[PDB]
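Next comes just one chain, in structure tokens: the form deposited in one PDB entry.
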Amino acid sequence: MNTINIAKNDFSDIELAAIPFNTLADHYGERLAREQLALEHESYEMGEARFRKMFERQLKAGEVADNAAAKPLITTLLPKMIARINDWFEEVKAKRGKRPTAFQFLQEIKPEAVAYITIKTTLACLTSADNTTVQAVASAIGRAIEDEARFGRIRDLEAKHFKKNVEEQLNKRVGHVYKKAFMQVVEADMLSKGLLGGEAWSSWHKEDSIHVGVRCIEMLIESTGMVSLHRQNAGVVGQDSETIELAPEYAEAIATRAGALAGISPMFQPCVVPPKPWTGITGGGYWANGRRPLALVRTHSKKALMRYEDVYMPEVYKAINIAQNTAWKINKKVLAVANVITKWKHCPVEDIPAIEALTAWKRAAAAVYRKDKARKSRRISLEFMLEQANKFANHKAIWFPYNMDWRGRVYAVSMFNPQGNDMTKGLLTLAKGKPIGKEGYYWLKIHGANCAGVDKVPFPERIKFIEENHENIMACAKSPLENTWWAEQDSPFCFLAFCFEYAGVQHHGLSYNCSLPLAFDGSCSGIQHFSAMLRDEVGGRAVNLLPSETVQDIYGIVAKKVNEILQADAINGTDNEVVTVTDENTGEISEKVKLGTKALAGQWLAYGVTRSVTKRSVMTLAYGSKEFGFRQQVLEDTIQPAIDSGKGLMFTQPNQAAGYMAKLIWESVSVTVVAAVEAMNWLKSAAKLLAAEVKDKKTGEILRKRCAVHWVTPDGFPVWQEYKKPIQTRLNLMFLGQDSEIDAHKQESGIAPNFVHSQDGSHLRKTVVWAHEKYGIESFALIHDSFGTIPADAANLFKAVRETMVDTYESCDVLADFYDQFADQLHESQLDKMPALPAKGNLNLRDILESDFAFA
């Protein structure tokens, strides 16, 4: 209940410690040392305040058991509670005579749930309610017990399949009362169908709700010493009451843990000196010896991190330190614009003045509810980014530490960082610029065209777009508030940043010093990498790996292929037929028309199929999506928005149209990018064979335990895949739910997306070192697929990102290297089942050097 302040004797260490001060004062001076270490002192200070504010509000709301400081307390006490409730059940059954009142109520709820609801509600009542009476907390236990018994029978009983239809809207409800009002209208709806056996709940009375709680409190006192019984004015019939007090030893446990956790989570701020170079696993980035040291790899387990101690990966270490050394500064010009517009609009860009009815009304209401929370969540992120940009505005330069995820993608550590949204990217620019020159001016206009959404057109048409709109750009630069043209663009704040740089070149000529980050973003890198490994000519051209006519739109190509089979099916497709299907719950066979492919093609041609229908399906292919996943997508992306808007009259049966759409998209994407589909199948089959435990059926004994998946990337960064699952988990309807084996399903669902994400991270890192050593590039803007630098270095980074990818896949067969990692661990019975390596195609990688639109 009362937590020590860490800052008084412990946060003072990081400012006074001589070794962190000296090692950083040696590099950059004593005065910057006191500023940087005070900034990190503030970083832990605001983080401590975040934990205390959350804990105080959780204490008031009764959600203290949901806080992480109470969690290890719950883990130890609660096995004792389930055994004590299970032992008392057998005691009463052995005893003759009438049962206690609480006995019949207790059996309706699962034994481990009885354990939970008592502890949390006793914690909730002892930390917030100000009433320590036994009677008041027993009724709170029993009322929450009657909740899980009455509405948990929907989840447990013959509605479990139907509960899978009501669970997500229950999860979308925020607050226990809102989750309650939804469960009441659900329960009445199901009773109208006889789904609960027609048995309506008889509400427990107030005397019954106390008896379940009283038996539950004293059963916690028998099992655990958490909670202690006291009597006041005993022997007086008018004033005899019993109170309940939380045990002091358990109070100090959560208080020490809450204090320990508060010093462990700091709010990461940018660095006013260049960040600490990484020499090992830990201690990089920020300079102080803090309570939470930065890890080079963000891992879930410490053991997965300590696997990185011995690996010699010098090129990985060099690339992270080069990215850290990139000097950034706040764009003051766009900050002046952003500081005034956000006062007037909740979102600066959202609203600019410019020239089944039962179910559809619920869906419209759910959109307004989702839009309302989306608005408040979007705004609070904006106010933090603006206050960070205002805080570091006056500094001549700021820096961002970098580390990596377990796949090797590199991320900035500060909460305000250049891998953020458009406004945050707009507020940030590089600090060390050079005179722009003719070539830099060319790429500055190309970057300006990309910010406007003119990325689908060749480079000369991008230049002509800028020069045609020359007067609009200078009008926006001179007065951004008077001309809202820049805000109507695809990347508005980043476009406004281009406008200021474009105006300065017009004012100061080609000698103008420009430090804007000019971003080159790969089109679809997962397919781009996959087509490079297996030499896919057709797939590579679709993702602009080949020098092409125009920019190749893979979404348009798939939509074009879809429209080919659509027109073929409208002529020679199947006719409609009548099929019989039954709901399992209703148990009644009904006859409905199954539309043939000729009718479904006519529906889709009437709607008009463009790249928008095929867009989301192509992106999710690298994440493992297939035909079934596309059906949900095209229903919610295209069919349902059409239906609500007055269109969708062609989609008489929307699920049959969506499934037909999903089949056509999958047939189109599989023949467009064949190496992508083939490679993710081969990786999935590999993780399949390793993640199985191989037992002979007769002996029932393992011949090969469950095996993780490990590969090393061309950079030299090792990566293991170690998806593990807990054995037991427990979930309540109105209350929050709270070694181990390998999750075989997660190993396959993740192997292909993580392998290709590990491939782009190496390519990003190898690009960074190649651009820094072969060319003179010192400033890098990196977002996974995006490569940014100053305009004077833009042409060289254009070459370096191509040169690294050609040099990588000409030197390494990463799939063959992947095979040599796991071939020894394969069981002998699994060897015949393994698919062979996919066949290499006729693609020449040297054409990537001549490809304009790969960008990567």
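Quick note: we count residues from 1 along the sequence shown, nothing fancier. In this text, rigid core is short for the largest set of C-alphas that superpose within 1.5 Å between two forms.
Same protein, other form: the form deposited in another entry, not shown, and the subject of what follows.
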Once the rigid core is lined up, just say which one of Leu546, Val712, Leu305, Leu77 has a C-alpha that travels 2 Å or more between this form and the one not shown.
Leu77
Aligned on the rigid core, do the two forms place the Cα of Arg155 2 Å or more apart, comparing between this form and the one not shown?
yes
Answer yes if the CA of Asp490 moves 2 Å or more between this form and the one not shown after aligning the rigid core, and no otherwise.
no
Does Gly453 show a Cα shift reaching 2 Å between this form and the one not shown after rigid-core superposition?
no
Outcome for the Cα pair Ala258, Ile380 in that other deposited form, compared with this form (closer or farther; change of 3 Å or more):
closer
